[PDB]
Amino acid sequence: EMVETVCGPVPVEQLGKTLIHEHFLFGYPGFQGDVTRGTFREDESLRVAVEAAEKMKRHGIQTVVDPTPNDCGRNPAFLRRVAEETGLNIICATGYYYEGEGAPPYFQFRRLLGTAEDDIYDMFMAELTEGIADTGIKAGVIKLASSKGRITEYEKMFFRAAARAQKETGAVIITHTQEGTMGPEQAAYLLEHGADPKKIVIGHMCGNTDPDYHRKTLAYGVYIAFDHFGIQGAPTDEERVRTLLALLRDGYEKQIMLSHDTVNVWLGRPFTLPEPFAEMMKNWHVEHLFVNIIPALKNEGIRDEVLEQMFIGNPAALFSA
Amino acid sequence: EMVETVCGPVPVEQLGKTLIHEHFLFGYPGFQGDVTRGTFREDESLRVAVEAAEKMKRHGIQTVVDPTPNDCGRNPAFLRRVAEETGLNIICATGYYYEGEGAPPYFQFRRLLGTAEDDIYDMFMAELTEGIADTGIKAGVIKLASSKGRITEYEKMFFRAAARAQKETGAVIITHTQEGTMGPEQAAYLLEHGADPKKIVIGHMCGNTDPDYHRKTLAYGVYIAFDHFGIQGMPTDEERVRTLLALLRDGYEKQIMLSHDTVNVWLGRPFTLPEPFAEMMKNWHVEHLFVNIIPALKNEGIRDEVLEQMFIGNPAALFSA
Ligand SMILES: [Co+2]
Ligand SMILES: [Co+2]
Ligand SMILES: [Co+2]
Ligand SMILES: [Co+2]
């Protein structure tokens, strides 16, 4: 009936059109050490984040799921400032990123102590049912992430703790897959530990261009996310649309959701992409799906009711019991 | 004639008895994501840090070098509070930890952009000559760290940038060696990039029990640090003293400094070591050198002049041009 947002409990039937995977803030672990030259400017960052929220609102978006990992600069209070200013529903996550772009030393040390897995479960439960730090904000999803070609022993601790927390709370699980790998493996591992398939979204599935890889993942009954639209230079958007069309014709519309995985404000030092990498990444923004991708899908005969199923129907079903 | 402390510029002649490597605060990368259950209690942390500083003062210590890495919870403003309350001189560092227990993803990403090495140099220069963030505090040393049996490509970026920054500023370099490896390799690599041996301290050298390994490092004209006194169970203190006595009998006192590498306040969740691992670690405190180690050295006939050279003479010479 209800889902926890950065502005408290909100009725699931009031979520409406949703983007399942976007970041208002994000930083690669280690950004904190570059504080001198890469200070977080809160006033300017809020202006940019509000601008992004208003851009999404213009295309009918009422809800955004922001799955920024705990070790990647997650800031629930900042998200609340964006939500209070715009009226946009923002759902945040509890969880850590994968090894390659995460900060494993902390929980690797606690693994040696023999408490890590219990500590992670304790963290999940606290942030889902009590609140994150002193913010008073509860996470609405659990964020999981795996490495390229494997779910590491470090990562598996989080996977097992997430499934355990999922059993107790009924919380949604949002995942990260690295370079189009471990899609079926994530689904299998979670269901083996008792997680609800109708509460799991396997993310970054667009990173793979083989439809059989998708069908294998979809067979577990889980949701999949084509959530990297705009990121190319990694498959192209043309390849993403091609894969998506093949699945929609097979009738997998009730298991697919779309997003950009944007980073609207980068934490740490500002940077500029070289050419032609910057030109290839020009469409990586929150309006891309609505300005470019959806029109391209409708040019390929995708009806409004199919698009509404992905953006409105699926998120509503995902967060409902 | 001056060195930057957390309270500003202090005459090198006034540094006196010094501990070359201690941490008031330290956290393994990833501790930030465990904020809900492992909150930073500043009032209690300050009390413990001040009590630690008063314990050092009891044994004549006037100066402490705190080389907490930028990615390991370095807090210059907190150190200033400790220094203002106790009158102790605290010198902090600029730099990142080694890959295994650091947060590489940030500068690894900037390496793909092609700016990382220049960004690191820029960071070093900013924090040595301008100030850290908005604290107004300048770092007095550059902290470098390498992995077990390898100075990785990531780590080398910092080593080269440190050598660049050292030539421009004359700043002291303090290093971390992992599990008694890379001592000679660190010295050799820094010197071939133009670093001043009289401004380099190769740390954690007591991690190796072979005196030939030390002599190979000492051959470069650098300082070495026996800075793990009290850490046992994971070489022993008996082996550390045996190695030290061999080097002092060879007449290397003008190149050796001693410390504990204590972590007085752990960032993140509190933890307890099992038995008999905790019993072996019971001497890991800031008074260990003065209550246990120095008396043991004096039992073996080590003169006060030699001890004063290590604790007073060497730090004075290190920070002097
Ligand atoms: Co991701
Ligand atoms: Co993401
Ligand atoms: Co160290
Ligand atoms: Co240390």
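Quick note on labels: first sequence line is chain A, next is B, and so on, each numbered from 1. Counting convention: from 1, in listed order, for ligands and their atoms alike. Atoms considered below: every heavy atom in the structure, side chains included; atoms not considered: hydrogens, waters and symmetry mates.
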Can you confirm whether or not the ring centre of A/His204 sits under 6.0 Å from the ring centre of A/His21?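 Distance test on ring centres: under 6.0 Å, yes.
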
Taking 2.8 Å as the cut-off, does an N/O/S atom of A/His176 lie below it from the Co ion (ligand 2)?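 No, outside the cut-off.
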
Taking only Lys NZ, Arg NE, NH1 and NH2, and the carboxylate oxygens of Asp or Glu, determine whether A/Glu99 and A/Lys148 approach each other closer than 4.0 Å.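 No.
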
Metal check, the Co ion (ligand 1) vs A/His204 N/O/S, cut-off below 2.8 Å: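 An N, O or S atom of A/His204 is closer than 2.8 Å to the Co ion (ligand 1), so yes.
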
Between A/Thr177 and the Co ion (ligand 1), is there a contact where an N/O/S atom of the residue lies under 2.8 Å from the metal?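 No.
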
For the backbone of A/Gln232 and the side chain of A/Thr236, can you confirm whether one donor and one acceptor N or O come within less than 3.5 Å of each other?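 Pair absent, no side-chain N/O of A/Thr236 close to backbone of A/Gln232.
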
Should the ring pair A/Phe311 and A/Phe290 be called parallel, tilted or perpendicular, given that the plane angle runs from 0 to 90° and is split at 30 and 60?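 Rings of A/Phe311 and A/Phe290: tilted, 30 to 60°.
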
According to the interplanar angle, ranging from 0 to 90°, do the rings of B/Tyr97 and B/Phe26 count as parallel (below 30°), tilted (30 to 60°) or perpendicular (above 60°)?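 Rings of B/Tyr97 and B/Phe26: perpendicular, as their planes differ by over 60°.
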
Find, among atoms of A/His23 that are N, O or S, the one nearest to the Co ion (ligand 2), and state its name.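 Checking each N, O and S atom of A/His23, the shortest distance to the Co ion (ligand 2) belongs to NE2.
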
Can you tell me if B/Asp261 has an N, O or S atom under 2.8 Å away from the Co ion (ligand 4)?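 Yes - counting backbone and side chain alike, B/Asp261 has an N, O or S atom under 2.8 Å.
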
